[PDB]
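Engineer: need a 3D model of the sequence below.
(chains A and B)
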2 protein chains.
Amino acid sequence: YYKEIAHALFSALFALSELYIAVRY
Amino acid sequence: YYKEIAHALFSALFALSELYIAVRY
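Structural biologist: Numbering: from 1, shown residues only, chains lettered A, B, ... in the order given. Below is the structure:
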C-alpha cells in the first residue's frame, strides 16, 4: 500500500522540481 | 518560457493528484 505512495511521492517531487526550474531558469 | 511552465504545472498537478489518491484511497 505504501509502495505506491513512495513512488507517488517520488514523481510528485520530480515534477515540482522541474516546475520550479522552469519558472526561474 | 511560459509554455514550459504550463506543461510543468500540468505534470505537477497530475503527480500531486496521484499522490493524494495513494494516501486516501
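Engineer: what secondary structure does the residue nearest to the spatial centre of chain A sit in?
Structural biologist: Nearest to the mean C-alpha position of chain A, by CA atoms, centre = their mean, lies residue A:13 at 2.1 Å. Secondary structure, DSSP: H, G, I helix; E, B strand; the rest coil: residue A:13 is helix.
Engineer: same check, this time on the one 4 residues further on
Structural biologist: For residue A:17, the secondary structure call by three-state DSSP comes out as helix.
Engineer: now what about the host helix or strand of residue A:8, what contacts it?
Structural biologist: Element membership for residue A:8 (DSSP states H and E) is helix A:2-24. Contact with helix A:2-24 is made by B:4-5, B:8-9, B:11-12, B:14-16, B:18-19, B:21-23, as judged by CB atoms under 8 Å, 6 or more residues apart in numbering or on different chains. In this view, the C-beta of every residue, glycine as well, is placed from N, C-alpha and C.
Engineer: recalculate using a threshold of 6 Å.
Structural biologist: Helix A:2-24 is contacted from outside by B:4, B:5, B:8, B:9, B:11, B:12, B:15, B:16, B:18, B:19, B:22, B:23, using CB atoms under 6 Å, 6 or more residues apart in numbering or on different chains.
Engineer: how many other residues sit next to the last one?
Structural biologist: A total of 12 residues lie near residue B:23 under the criterion other CB atoms under 10 Å in any protein chain shown.
Engineer: ditto for the fifth one
Structural biologist: Residues lying near residue B:11 (other CB under 10 Å) number 17.
Engineer: cool, the first one as well?
Structural biologist: Per other CB under 10 Å, the neighbour tally for residue B:4 reads 14.
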